[PDB]
Every structure is written in C-alpha cells, then in structure tokens.
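Note: the block below is start-v6.cif and it holds mmCIF, C-alpha atoms and all ligand atoms.
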```cif
data_start
#
loop_
_atom_site.group_PDB
_atom_site.id
_atom_site.type_symbol
_atom_site.label_atom_id
_atom_site.label_comp_id
_atom_site.auth_asym_id
_atom_site.auth_seq_id
_atom_site.Cartn_x
_atom_site.Cartn_y
_atom_site.Cartn_z
ATOM 1 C CA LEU A 13 0.000 0.000 0.000
ATOM 2 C CA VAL A 14 1.190 3.446 1.054
ATOM 3 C CA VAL A 15 3.397 4.996 3.715
ATOM 4 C CA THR A 16 1.136 7.305 5.688
ATOM 5 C CA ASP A 17 3.559 7.959 8.533
ATOM 6 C CA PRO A 18 4.898 11.518 8.039
ATOM 7 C CA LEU A 19 8.377 10.902 9.518
ATOM 8 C CA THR A 20 8.912 7.723 7.520
ATOM 9 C CA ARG A 21 7.463 9.241 4.323
ATOM 10 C CA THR A 22 9.783 12.259 4.743
ATOM 11 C CA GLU A 23 12.993 10.519 5.661
ATOM 12 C CA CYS A 24 12.617 7.443 3.437
ATOM 13 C CA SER A 25 11.548 9.252 0.212
ATOM 14 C CA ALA A 26 14.819 11.256 0.094
ATOM 15 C CA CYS A 27 16.545 8.981 -2.428
ATOM 16 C CA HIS A 28 13.783 6.685 -3.742
ATOM 17 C CA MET A 29 10.100 6.083 -3.112
ATOM 18 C CA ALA A 30 8.960 5.450 0.448
ATOM 19 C CA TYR A 31 8.603 1.686 0.395
ATOM 20 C CA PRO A 32 5.492 0.471 2.200
ATOM 21 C CA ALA A 33 6.011 -1.342 5.485
ATOM 22 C CA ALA A 34 3.893 -4.299 4.382
ATOM 23 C CA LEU A 35 6.484 -5.303 1.795
ATOM 24 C CA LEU A 36 9.167 -6.628 4.203
ATOM 25 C CA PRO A 37 9.098 -8.645 7.390
ATOM 26 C CA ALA A 38 9.910 -7.007 10.738
ATOM 27 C CA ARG A 39 13.372 -8.543 11.003
ATOM 28 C CA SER A 40 14.320 -7.038 7.617
ATOM 29 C CA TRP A 41 13.209 -3.525 8.597
ATOM 30 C CA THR A 42 15.144 -3.840 11.876
ATOM 31 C CA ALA A 43 18.232 -4.979 9.985
ATOM 32 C CA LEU A 44 18.013 -2.108 7.532
ATOM 33 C CA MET A 45 17.361 0.495 10.245
ATOM 34 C CA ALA A 46 20.377 -0.803 12.182
ATOM 35 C CA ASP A 47 22.944 0.010 9.480
ATOM 36 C CA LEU A 48 21.758 3.154 7.774
ATOM 37 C CA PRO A 49 25.359 4.484 7.534
ATOM 38 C CA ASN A 50 26.025 1.596 5.144
ATOM 39 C CA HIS A 51 22.702 1.545 3.300
ATOM 40 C CA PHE A 52 23.364 0.069 -0.109
ATOM 41 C CA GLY A 53 26.535 2.104 -0.562
ATOM 42 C CA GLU A 54 25.052 5.380 0.753
ATOM 43 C CA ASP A 55 24.931 7.066 4.135
ATOM 44 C CA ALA A 56 21.232 7.178 5.047
ATOM 45 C CA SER A 57 21.857 7.701 8.773
ATOM 46 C CA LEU A 58 19.407 9.576 11.004
ATOM 47 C CA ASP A 59 19.360 10.801 14.560
ATOM 48 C CA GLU A 60 18.705 7.950 16.993
ATOM 49 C CA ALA A 61 15.219 9.061 18.114
ATOM 50 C CA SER A 62 14.021 9.324 14.498
ATOM 51 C CA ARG A 63 15.584 5.964 13.652
ATOM 52 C CA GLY A 64 13.621 4.318 16.486
ATOM 53 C CA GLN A 65 10.374 6.019 15.539
ATOM 54 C CA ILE A 66 10.613 4.990 11.872
ATOM 55 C CA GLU A 67 11.664 1.495 12.850
ATOM 56 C CA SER A 68 8.747 1.123 15.239
ATOM 57 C CA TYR A 69 6.292 2.094 12.470
ATOM 58 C CA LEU A 70 7.892 -0.242 9.915
ATOM 59 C CA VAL A 71 7.962 -3.159 12.339
ATOM 60 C CA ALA A 72 4.377 -2.617 13.532
ATOM 61 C CA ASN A 73 3.187 -2.583 9.923
ATOM 62 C CA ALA A 74 5.530 -5.199 8.488
ATOM 63 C CA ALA A 75 4.595 -8.067 6.154
ATOM 64 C CA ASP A 76 4.566 -10.498 9.118
ATOM 65 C CA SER A 77 2.851 -8.168 11.594
ATOM 66 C CA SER A 78 -0.291 -9.120 13.566
ATOM 67 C CA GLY A 79 -3.697 -8.787 11.913
ATOM 68 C CA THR A 92 16.796 -11.887 6.553
ATOM 69 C CA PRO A 93 16.250 -10.166 3.217
ATOM 70 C CA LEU A 94 17.357 -6.535 2.912
ATOM 71 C CA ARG A 95 15.585 -5.964 -0.444
ATOM 72 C CA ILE A 96 11.982 -6.194 -1.539
ATOM 73 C CA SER A 97 13.471 -6.884 -4.994
ATOM 74 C CA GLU A 98 15.129 -10.083 -3.644
ATOM 75 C CA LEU A 99 11.983 -11.643 -2.181
ATOM 76 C CA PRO A 100 10.834 -14.997 -3.563
ATOM 77 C CA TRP A 101 7.529 -13.646 -4.937
ATOM 78 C CA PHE A 102 9.275 -10.640 -6.455
ATOM 79 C CA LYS A 103 11.863 -12.685 -8.317
ATOM 80 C CA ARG A 104 9.257 -15.195 -9.503
ATOM 81 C CA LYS A 105 6.734 -12.630 -10.767
ATOM 82 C CA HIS A 106 9.150 -10.220 -12.400
ATOM 83 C CA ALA A 107 11.121 -12.997 -14.168
ATOM 84 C CA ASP A 108 8.077 -13.518 -16.442
ATOM 85 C CA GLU A 109 7.148 -9.905 -16.942
ATOM 86 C CA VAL A 110 10.333 -7.847 -17.205
ATOM 87 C CA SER A 111 12.426 -7.950 -20.372
ATOM 88 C CA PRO A 112 16.183 -7.376 -20.122
ATOM 89 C CA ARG A 113 15.606 -4.098 -21.968
ATOM 90 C CA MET A 114 12.915 -2.989 -19.479
ATOM 91 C CA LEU A 115 15.380 -3.636 -16.676
ATOM 92 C CA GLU A 116 18.175 -1.798 -18.503
ATOM 93 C CA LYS A 117 15.954 1.258 -18.959
ATOM 94 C CA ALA A 118 14.597 1.274 -15.373
ATOM 95 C CA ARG A 119 18.257 0.926 -14.230
ATOM 96 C CA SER A 120 17.284 -1.035 -11.078
ATOM 97 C CA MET A 121 14.440 -3.247 -9.868
ATOM 98 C CA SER A 122 14.456 -0.933 -6.793
ATOM 99 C CA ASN A 123 12.929 1.809 -9.011
ATOM 100 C CA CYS A 124 9.326 0.684 -8.776
ATOM 101 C CA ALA A 125 7.951 3.910 -10.248
ATOM 102 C CA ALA A 126 9.921 3.524 -13.501
ATOM 103 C CA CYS A 127 7.513 0.727 -14.369
ATOM 104 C CA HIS A 128 4.540 1.063 -12.035
ATOM 105 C CA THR A 129 2.789 4.374 -12.665
ATOM 106 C CA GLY A 130 0.680 4.051 -9.510
ATOM 107 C CA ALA A 131 3.537 2.905 -7.219
ATOM 108 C CA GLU A 132 3.438 6.017 -5.009
ATOM 109 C CA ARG A 133 -0.295 5.280 -4.488
ATOM 110 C CA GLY A 134 0.287 1.576 -3.652
ATOM 111 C CA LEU A 135 -0.927 0.377 -7.039
ATOM 112 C CA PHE A 136 1.277 -2.244 -8.694
HETATM 113 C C1 LIG A 201 20.059 8.072 0.277
HETATM 114 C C2 LIG A 201 20.966 8.647 1.126
HETATM 115 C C3 LIG A 201 19.007 7.079 0.846
HETATM 116 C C4 LIG A 201 18.156 7.290 1.853
HETATM 117 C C5 LIG A 201 17.998 8.558 2.706
HETATM 118 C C6 LIG A 201 17.411 6.076 2.059
HETATM 119 N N1 LIG A 201 17.790 5.148 1.112
HETATM 120 FE FE1 LIG A 201 16.982 3.309 0.884
HETATM 121 N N2 LIG A 201 18.203 2.983 -0.660
HETATM 122 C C7 LIG A 201 19.193 3.851 -1.121
HETATM 123 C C8 LIG A 201 19.914 3.238 -2.215
HETATM 124 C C9 LIG A 201 21.087 3.796 -2.967
HETATM 125 C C10 LIG A 201 19.300 1.892 -2.436
HETATM 126 C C11 LIG A 201 19.737 0.882 -3.490
HETATM 127 C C12 LIG A 201 18.942 1.141 -4.776
HETATM 128 C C13 LIG A 201 19.376 0.230 -5.899
HETATM 129 O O1 LIG A 201 19.030 0.541 -7.083
HETATM 130 O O2 LIG A 201 20.044 -0.791 -5.604
HETATM 131 C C14 LIG A 201 18.244 1.820 -1.432
HETATM 132 C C15 LIG A 201 17.422 0.773 -1.310
HETATM 133 C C16 LIG A 201 16.483 0.583 -0.330
HETATM 134 C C17 LIG A 201 15.707 -0.613 -0.184
HETATM 135 C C18 LIG A 201 15.795 -1.838 -1.102
HETATM 136 C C19 LIG A 201 14.999 -1.666 -2.393
HETATM 137 C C20 LIG A 201 14.909 -2.996 -3.114
HETATM 138 O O3 LIG A 201 15.708 -3.248 -4.055
HETATM 139 O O4 LIG A 201 14.029 -3.803 -2.752
HETATM 140 C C21 LIG A 201 14.909 -0.420 0.887
HETATM 141 C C22 LIG A 201 13.886 -1.387 1.454
HETATM 142 C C23 LIG A 201 15.171 0.906 1.423
HETATM 143 N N3 LIG A 201 16.145 1.494 0.656
HETATM 144 C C24 LIG A 201 14.607 1.468 2.547
HETATM 145 C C25 LIG A 201 14.908 2.711 3.054
HETATM 146 C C26 LIG A 201 14.358 3.283 4.261
HETATM 147 C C27 LIG A 201 13.422 2.491 5.199
HETATM 148 C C28 LIG A 201 14.891 4.515 4.392
HETATM 149 C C29 LIG A 201 14.689 5.550 5.522
HETATM 150 C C30 LIG A 201 15.222 5.175 6.735
HETATM 151 C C31 LIG A 201 15.725 4.767 3.234
HETATM 152 N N4 LIG A 201 15.758 3.624 2.475
HETATM 153 C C32 LIG A 201 16.448 5.892 3.013
HETATM 154 C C33 LIG A 201 19.444 5.099 -0.650
HETATM 155 C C34 LIG A 201 18.774 5.729 0.362
HETATM 156 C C1 LIG A 202 10.217 -2.768 -14.622
HETATM 157 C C2 LIG A 202 11.559 -2.866 -14.901
HETATM 158 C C3 LIG A 202 9.669 -3.021 -13.196
HETATM 159 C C4 LIG A 202 10.193 -2.627 -12.027
HETATM 160 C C5 LIG A 202 11.453 -1.806 -11.791
HETATM 161 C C6 LIG A 202 9.358 -3.109 -10.944
HETATM 162 N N1 LIG A 202 8.295 -3.808 -11.505
HETATM 163 FE FE1 LIG A 202 6.853 -4.763 -10.462
HETATM 164 N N2 LIG A 202 6.137 -5.495 -12.172
HETATM 165 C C7 LIG A 202 6.571 -5.153 -13.443
HETATM 166 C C8 LIG A 202 5.704 -5.763 -14.447
HETATM 167 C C9 LIG A 202 5.816 -5.631 -15.963
HETATM 168 C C10 LIG A 202 4.695 -6.559 -13.700
HETATM 169 C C11 LIG A 202 3.538 -7.411 -14.278
HETATM 170 C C12 LIG A 202 2.242 -6.592 -14.313
HETATM 171 C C13 LIG A 202 0.997 -7.486 -14.307
HETATM 172 O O1 LIG A 202 -0.108 -6.940 -14.073
HETATM 173 O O2 LIG A 202 1.034 -8.743 -14.498
HETATM 174 C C14 LIG A 202 5.042 -6.349 -12.300
HETATM 175 C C15 LIG A 202 4.364 -6.924 -11.264
HETATM 176 C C16 LIG A 202 4.452 -6.540 -9.944
HETATM 177 C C17 LIG A 202 3.586 -6.956 -8.894
HETATM 178 C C18 LIG A 202 2.421 -7.969 -9.018
HETATM 179 C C19 LIG A 202 2.949 -9.322 -8.569
HETATM 180 C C20 LIG A 202 1.924 -10.444 -8.764
HETATM 181 O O3 LIG A 202 1.498 -11.028 -7.754
HETATM 182 O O4 LIG A 202 1.512 -10.766 -9.903
HETATM 183 C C21 LIG A 202 3.964 -6.317 -7.772
HETATM 184 C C22 LIG A 202 3.283 -6.449 -6.400
HETATM 185 C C23 LIG A 202 5.093 -5.475 -8.094
HETATM 186 N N3 LIG A 202 5.362 -5.639 -9.440
HETATM 187 C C24 LIG A 202 5.786 -4.664 -7.229
HETATM 188 C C25 LIG A 202 6.961 -4.013 -7.506
HETATM 189 C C26 LIG A 202 7.769 -3.313 -6.545
HETATM 190 C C27 LIG A 202 7.407 -3.225 -5.056
HETATM 191 C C28 LIG A 202 8.833 -2.821 -7.195
HETATM 192 C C29 LIG A 202 10.043 -2.047 -6.621
HETATM 193 C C30 LIG A 202 10.705 -2.545 -5.506
HETATM 194 C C31 LIG A 202 8.701 -3.204 -8.595
HETATM 195 N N4 LIG A 202 7.558 -3.933 -8.757
HETATM 196 C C32 LIG A 202 9.577 -2.899 -9.605
HETATM 197 C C33 LIG A 202 7.608 -4.355 -13.753
HETATM 198 C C34 LIG A 202 8.459 -3.758 -12.871
#
```
Target format structure tokens, applied to this file:
Amino acid sequence: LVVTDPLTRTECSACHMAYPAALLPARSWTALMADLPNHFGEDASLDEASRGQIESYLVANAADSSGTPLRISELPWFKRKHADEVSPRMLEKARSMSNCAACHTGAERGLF
C-alpha cells in the first residue's frame, strides 16, 4: 500500500520512493534500520530518536505483523513474478528493480 507515517514518508523518500512497510518482514526492517550508515553504498543515517520512531512504524506494519532479506526486490515472490514480466531491456531502462515507479505508474499510491 502506502506509507502514511509523516516521519517515515519524509525521511525514506529522500533517495527513492517510500517503500510500504507491508512489503518486508519485521526482522528485515530492523536490519536495515540498524545500518543506515552503510545503506546500499550510501549514508542514510538519522538521529537515533528518528531511527527508532521509523523502525517502530515499519515493524508494527511489516509483512509479518499481527492482523533476513534486505531488499523487496530479492523476495521470492518478487523474483518469480518479475522474471516472467520484465524484459532485459525494461530492466536496462529502469536501471534497477528498486525503481518501482519507472515501471509502475501508480507505485506512489500503492498500485502495482
Ligand atoms: C540516500 C541517502 C538514501 C536514503 C535517505 C534512504 N535510502 Fe533506501 N536505498 C538507497 C539506495 C542507494 C538503495 C539501493 C537502490 C538500488 O538501485 O540498488 C536503497 C534501497 C532501499 C531498499 C531496497 C529496495 C529494493 O531493491 O528492494 C529499501 C527497502 C530501502 N532502501 C529502505 C529505506 C528506508 C526504510 C529509508 C529511511 C530510513 C531509506 N531507504 C532511506 C538510498 C537511500
Ligand atoms: C520494470 C523494470 C519493473 C520494475 C522496476 C518493478 N516492476 Fe513490479 N512489475 C513489473 C511488471 C511488468 C509486472 C507485471 C504486471 C501485471 O499486471 O502482471 C510487475 C508486477 C508486480 C507486482 C504484481 C505481482 C503479482 O502477484 O503478480 C507487484 C506487487 C510489483 N510488481 C511490485 C513491484 C515493486 C514493489 C517494485 C520495486 C521494488 C517493482 N515492482 C519494480 C515491472 C516492474
């Protein structure tokens, strides 16, 4: 779906779309939030209080929440579904499978 949390939407849309919490399990969000200085080659670090607040939201709304991958793009379903649907040229043009909006026009609205 859609990141509604203002702090998360603000801090985590700085270099890419704000990935919805529901897309990763809690342990993956915790892992990512624990090493923001070394976040996929970039320094995404935050002040501690903010880090904990964002992490709490992500964990509470995670894929395995009530009611260790680091990438959505490495999940079993993701690999399986995109293998059929994405040409090598589509991938070349989008530059990375992380760039959901290059292919999904409604990504920022939770529409895939
Ligand atoms: C720039 C300084 C960044 C900020 C701030 C945040 N992220 Fe990031 N993220 C960044 C890069 C360079 C990448 C790799 C992109 C690529 O093409 O390989 C990522 C990737 C992610 C991912 C993985 C996407 C995927 O392939 O499935 C996630 C889940 C992610 N980032 C989350 C995330 C969060 C929660 C952030 C705020 C704390 C955040 N990112 C900030 C660069 C930057
Ligand atoms: C182009 C290079 C793409 C990028 C980058 C991402 N996606 Fe994608 N996705 C793409 C296509 C052509 C399709 C098939 C469309 C169809 O209706 O059949 C998809 C499919 C999905 C789906 C649906 C999965 C299913 O159960 O069938 C989802 C949920 C999805 N894509 C999500 C997604 C995310 C989160 C991305 C960034 C991390 C992302 N996609 C990138 C093409 C491309």
At a cut-off of 7 Å around ligand LIG 201 (chain A), and using all atoms listed in the file, what residues come up? Please write them as a PDB file with C-alpha atoms, in the frame of the given file.
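Printed below is selection.pdb as written:
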```
ATOM      1  CA  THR A  20       8.912   7.723   7.520  1.00  0.00           C
ATOM      2  CA  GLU A  23      12.993  10.519   5.661  1.00  0.00           C
ATOM      3  CA  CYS A  24      12.617   7.443   3.437  1.00  0.00           C
ATOM      4  CA  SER A  25      11.548   9.252   0.212  1.00  0.00           C
ATOM      5  CA  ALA A  26      14.819  11.256   0.094  1.00  0.00           C
ATOM      6  CA  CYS A  27      16.545   8.981  -2.428  1.00  0.00           C
ATOM      7  CA  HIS A  28      13.783   6.685  -3.742  1.00  0.00           C
ATOM      8  CA  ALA A  30       8.960   5.450   0.448  1.00  0.00           C
ATOM      9  CA  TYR A  31       8.603   1.686   0.395  1.00  0.00           C
ATOM     10  CA  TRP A  41      13.209  -3.525   8.597  1.00  0.00           C
ATOM     11  CA  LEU A  44      18.013  -2.108   7.532  1.00  0.00           C
ATOM     12  CA  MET A  45      17.361   0.495  10.245  1.00  0.00           C
ATOM     13  CA  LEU A  48      21.758   3.154   7.774  1.00  0.00           C
ATOM     14  CA  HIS A  51      22.702   1.545   3.300  1.00  0.00           C
ATOM     15  CA  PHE A  52      23.364   0.069  -0.109  1.00  0.00           C
ATOM     16  CA  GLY A  53      26.535   2.104  -0.562  1.00  0.00           C
ATOM     17  CA  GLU A  54      25.052   5.380   0.753  1.00  0.00           C
ATOM     18  CA  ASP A  55      24.931   7.066   4.135  1.00  0.00           C
ATOM     19  CA  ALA A  56      21.232   7.178   5.047  1.00  0.00           C
ATOM     20  CA  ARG A  63      15.584   5.964  13.652  1.00  0.00           C
ATOM     21  CA  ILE A  66      10.613   4.990  11.872  1.00  0.00           C
ATOM     22  CA  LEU A  94      17.357  -6.535   2.912  1.00  0.00           C
ATOM     23  CA  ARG A  95      15.585  -5.964  -0.444  1.00  0.00           C
ATOM     24  CA  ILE A  96      11.982  -6.194  -1.539  1.00  0.00           C
ATOM     25  CA  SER A  97      13.471  -6.884  -4.994  1.00  0.00           C
ATOM     26  CA  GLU A  98      15.129 -10.083  -3.644  1.00  0.00           C
ATOM     27  CA  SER A 120      17.284  -1.035 -11.078  1.00  0.00           C
ATOM     28  CA  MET A 121      14.440  -3.247  -9.868  1.00  0.00           C
ATOM     29  CA  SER A 122      14.456  -0.933  -6.793  1.00  0.00           C
ATOM     30  CA  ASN A 123      12.929   1.809  -9.011  1.00  0.00           C
TER      31      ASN A 123
END
```
Once the PyMOL selection byres (((not hetatm)) within 10 of (chain A and resi 202)) is applied to the coordinates I shared, what remains selected? I want it as a ChimeraX atom specification. /A:13,28-29,31-32,35,95-99,101-129,131,134-136
Residue neighbourhood residue 64 (chain A), 12 Å, all atoms listed in the file, exclusion window fewer than 4 positions, as a list in words: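 Near residue 64 (chain A), the qualifying residues are residues 19, 20, 41, 42, 44, 45, 46, 48, 57, 58, 59, 60, 68, 69, 70, 71 and 72 of chain A.
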Distance in Å - CA of residue 130 (chain A) versus CA of residue 17 (chain A):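 Calculated distance between CA of residue 130 (chain A) and CA of residue 17 (chain A) is 18.7 Å.
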So that I can check the surroundings of residue 74 (chain A), please list as a ChimeraX atom specification every protein, DNA and RNA residue that reaches within 8 Å of it, counting all atoms listed in the file and ignoring chain neighbours fewer than 6 positions away. /A:33-38,41
Which centre and edge lengths in Å to one decimal define the box along x, y and z that fits every listed atom of region 29-43 of chain A plus 3 Å per side, as lines of an AutoDock Vina configuration file?
```
center_x = 11.1
center_y = -1.3
center_z = 4.4
size_x = 20.3
size_y = 20.7
size_z = 21.0
```
Name every residue that the PyMOL selection byres (((chain A and resi 92) around 7) and not hetatm) selects in this structure, writing the answer as an NGL selection string with chains first and numbers rising. :A and (39-40 or 93-94)
Provide the CA of residue 65 (chain A) to CA of residue 100 (chain A) distance in Å, to one decimal place. 28.4 Å
Please reconstruct the missing atoms of region 49-97 of chain A (target: N, CA and C atoms) and return them as a PDB file, in the frame of the given file.
```pdb
ATOM      1  N   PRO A  49      24.107   3.915   8.086  1.00  0.00           N
ATOM      2  CA  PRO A  49      25.359   4.484   7.534  1.00  0.00           C
ATOM      3  C   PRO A  49      25.944   3.731   6.348  1.00  0.00           C
ATOM      4  N   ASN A  50      25.564   2.471   6.216  1.00  0.00           N
ATOM      5  CA  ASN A  50      26.025   1.596   5.144  1.00  0.00           C
ATOM      6  C   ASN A  50      24.816   0.999   4.436  1.00  0.00           C
ATOM      7  N   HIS A  51      23.994   1.877   3.897  1.00  0.00           N
ATOM      8  CA  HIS A  51      22.702   1.545   3.300  1.00  0.00           C
ATOM      9  C   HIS A  51      22.950   1.483   1.812  1.00  0.00           C
ATOM     10  N   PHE A  52      23.189   0.286   1.313  1.00  0.00           N
ATOM     11  CA  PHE A  52      23.364   0.069  -0.109  1.00  0.00           C
ATOM     12  C   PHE A  52      24.348   1.010  -0.758  1.00  0.00           C
ATOM     13  N   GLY A  53      25.464   1.234  -0.062  1.00  0.00           N
ATOM     14  CA  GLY A  53      26.535   2.104  -0.562  1.00  0.00           C
ATOM     15  C   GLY A  53      26.422   3.566  -0.186  1.00  0.00           C
ATOM     16  N   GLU A  54      25.298   3.977   0.421  1.00  0.00           N
ATOM     17  CA  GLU A  54      25.052   5.380   0.753  1.00  0.00           C
ATOM     18  C   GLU A  54      24.853   5.547   2.253  1.00  0.00           C
ATOM     19  N   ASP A  55      25.149   6.738   2.741  1.00  0.00           N
ATOM     20  CA  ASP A  55      24.931   7.066   4.135  1.00  0.00           C
ATOM     21  C   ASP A  55      23.533   7.637   4.330  1.00  0.00           C
ATOM     22  N   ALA A  56      22.626   6.788   4.798  1.00  0.00           N
ATOM     23  CA  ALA A  56      21.232   7.178   5.047  1.00  0.00           C
ATOM     24  C   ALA A  56      20.947   7.449   6.531  1.00  0.00           C
ATOM     25  N   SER A  57      21.999   7.621   7.316  1.00  0.00           N
ATOM     26  CA  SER A  57      21.857   7.701   8.773  1.00  0.00           C
ATOM     27  C   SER A  57      20.998   8.882   9.234  1.00  0.00           C
ATOM     28  N   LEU A  58      20.381   8.697  10.410  1.00  0.00           N
ATOM     29  CA  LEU A  58      19.407   9.576  11.004  1.00  0.00           C
ATOM     30  C   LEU A  58      19.775   9.730  12.469  1.00  0.00           C
ATOM     31  N   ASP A  59      19.214  10.725  13.116  1.00  0.00           N
ATOM     32  CA  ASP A  59      19.360  10.801  14.560  1.00  0.00           C
ATOM     33  C   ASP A  59      18.644   9.597  15.183  1.00  0.00           C
ATOM     34  N   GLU A  60      19.162   9.169  16.327  1.00  0.00           N
ATOM     35  CA  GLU A  60      18.705   7.950  16.993  1.00  0.00           C
ATOM     36  C   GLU A  60      17.213   7.944  17.244  1.00  0.00           C
ATOM     37  N   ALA A  61      16.661   9.028  17.804  1.00  0.00           N
ATOM     38  CA  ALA A  61      15.219   9.061  18.114  1.00  0.00           C
ATOM     39  C   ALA A  61      14.366   8.814  16.865  1.00  0.00           C
ATOM     40  N   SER A  62      14.714   9.498  15.765  1.00  0.00           N
ATOM     41  CA  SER A  62      14.021   9.324  14.498  1.00  0.00           C
ATOM     42  C   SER A  62      14.143   7.896  13.994  1.00  0.00           C
ATOM     43  N   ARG A  63      15.343   7.335  14.087  1.00  0.00           N
ATOM     44  CA  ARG A  63      15.584   5.964  13.652  1.00  0.00           C
ATOM     45  C   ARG A  63      14.620   5.018  14.377  1.00  0.00           C
ATOM     46  N   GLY A  64      14.523   5.149  15.698  1.00  0.00           N
ATOM     47  CA  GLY A  64      13.621   4.318  16.486  1.00  0.00           C
ATOM     48  C   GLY A  64      12.157   4.512  16.158  1.00  0.00           C
ATOM     49  N   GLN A  65      11.759   5.748  15.930  1.00  0.00           N
ATOM     50  CA  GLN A  65      10.374   6.019  15.539  1.00  0.00           C
ATOM     51  C   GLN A  65       9.994   5.407  14.189  1.00  0.00           C
ATOM     52  N   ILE A  66      10.887   5.527  13.208  1.00  0.00           N
ATOM     53  CA  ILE A  66      10.613   4.990  11.872  1.00  0.00           C
ATOM     54  C   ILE A  66      10.592   3.471  11.995  1.00  0.00           C
ATOM     55  N   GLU A  67      11.585   2.938  12.684  1.00  0.00           N
ATOM     56  CA  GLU A  67      11.664   1.495  12.850  1.00  0.00           C
ATOM     57  C   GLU A  67      10.414   0.932  13.519  1.00  0.00           C
ATOM     58  N   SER A  68       9.947   1.593  14.552  1.00  0.00           N
ATOM     59  CA  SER A  68       8.747   1.123  15.239  1.00  0.00           C
ATOM     60  C   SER A  68       7.538   1.053  14.284  1.00  0.00           C
ATOM     61  N   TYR A  69       7.375   2.067  13.432  1.00  0.00           N
ATOM     62  CA  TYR A  69       6.292   2.094  12.470  1.00  0.00           C
ATOM     63  C   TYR A  69       6.442   0.949  11.464  1.00  0.00           C
ATOM     64  N   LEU A  70       7.651   0.773  10.936  1.00  0.00           N
ATOM     65  CA  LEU A  70       7.892  -0.242   9.915  1.00  0.00           C
ATOM     66  C   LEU A  70       7.634  -1.628  10.479  1.00  0.00           C
ATOM     67  N   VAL A  71       8.154  -1.882  11.674  1.00  0.00           N
ATOM     68  CA  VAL A  71       7.962  -3.159  12.339  1.00  0.00           C
ATOM     69  C   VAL A  71       6.494  -3.450  12.636  1.00  0.00           C
ATOM     70  N   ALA A  72       5.782  -2.451  13.157  1.00  0.00           N
ATOM     71  CA  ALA A  72       4.377  -2.617  13.532  1.00  0.00           C
ATOM     72  C   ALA A  72       3.488  -2.877  12.333  1.00  0.00           C
ATOM     73  N   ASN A  73       3.935  -2.456  11.150  1.00  0.00           N
ATOM     74  CA  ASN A  73       3.187  -2.583   9.923  1.00  0.00           C
ATOM     75  C   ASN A  73       3.807  -3.508   8.884  1.00  0.00           C
ATOM     76  N   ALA A  74       4.715  -4.363   9.347  1.00  0.00           N
ATOM     77  CA  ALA A  74       5.530  -5.199   8.488  1.00  0.00           C
ATOM     78  C   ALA A  74       4.679  -6.311   7.855  1.00  0.00           C
ATOM     79  N   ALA A  75       5.235  -6.949   6.839  1.00  0.00           N
ATOM     80  CA  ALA A  75       4.595  -8.067   6.154  1.00  0.00           C
ATOM     81  C   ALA A  75       4.117  -9.193   7.077  1.00  0.00           C
ATOM     82  N   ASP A  76       4.869  -9.441   8.150  1.00  0.00           N
ATOM     83  CA  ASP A  76       4.566 -10.498   9.118  1.00  0.00           C
ATOM     84  C   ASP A  76       3.974  -9.978  10.424  1.00  0.00           C
ATOM     85  N   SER A  77       3.471  -8.749  10.410  1.00  0.00           N
ATOM     86  CA  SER A  77       2.851  -8.168  11.594  1.00  0.00           C
ATOM     87  C   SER A  77       1.460  -8.733  11.829  1.00  0.00           C
ATOM     88  N   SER A  78       1.037  -8.669  13.088  1.00  0.00           N
ATOM     89  CA  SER A  78      -0.291  -9.120  13.566  1.00  0.00           C
ATOM     90  C   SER A  78      -1.402  -8.511  12.758  1.00  0.00           C
ATOM     91  N   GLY A  79      -2.470  -9.283  12.531  1.00  0.00           N
ATOM     92  CA  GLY A  79      -3.697  -8.787  11.913  1.00  0.00           C
ATOM     93  C   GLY A  79      -3.747  -8.998  10.405  1.00  0.00           C
ATOM     94  N   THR A  92      17.223 -13.294   6.405  1.00  0.00           N
ATOM     95  CA  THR A  92      16.796 -11.887   6.553  1.00  0.00           C
ATOM     96  C   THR A  92      17.076 -11.085   5.279  1.00  0.00           C
ATOM     97  N   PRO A  93      16.051 -10.965   4.421  1.00  0.00           N
ATOM     98  CA  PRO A  93      16.250 -10.166   3.217  1.00  0.00           C
ATOM     99  C   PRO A  93      16.501  -8.686   3.589  1.00  0.00           C
ATOM    100  N   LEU A  94      17.303  -7.970   2.799  1.00  0.00           N
ATOM    101  CA  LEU A  94      17.357  -6.535   2.912  1.00  0.00           C
ATOM    102  C   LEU A  94      16.579  -5.841   1.792  1.00  0.00           C
ATOM    103  N   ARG A  95      16.192  -6.582   0.746  1.00  0.00           N
ATOM    104  CA  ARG A  95      15.585  -5.964  -0.444  1.00  0.00           C
ATOM    105  C   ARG A  95      14.241  -6.607  -0.733  1.00  0.00           C
ATOM    106  N   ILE A  96      13.249  -5.759  -0.990  1.00  0.00           N
ATOM    107  CA  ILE A  96      11.982  -6.194  -1.539  1.00  0.00           C
ATOM    108  C   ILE A  96      12.230  -6.926  -2.873  1.00  0.00           C
ATOM    109  N   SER A  97      13.135  -6.368  -3.670  1.00  0.00           N
ATOM    110  CA  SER A  97      13.471  -6.884  -4.994  1.00  0.00           C
ATOM    111  C   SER A  97      14.183  -8.238  -4.982  1.00  0.00           C
TER     112      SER A  97
END
```
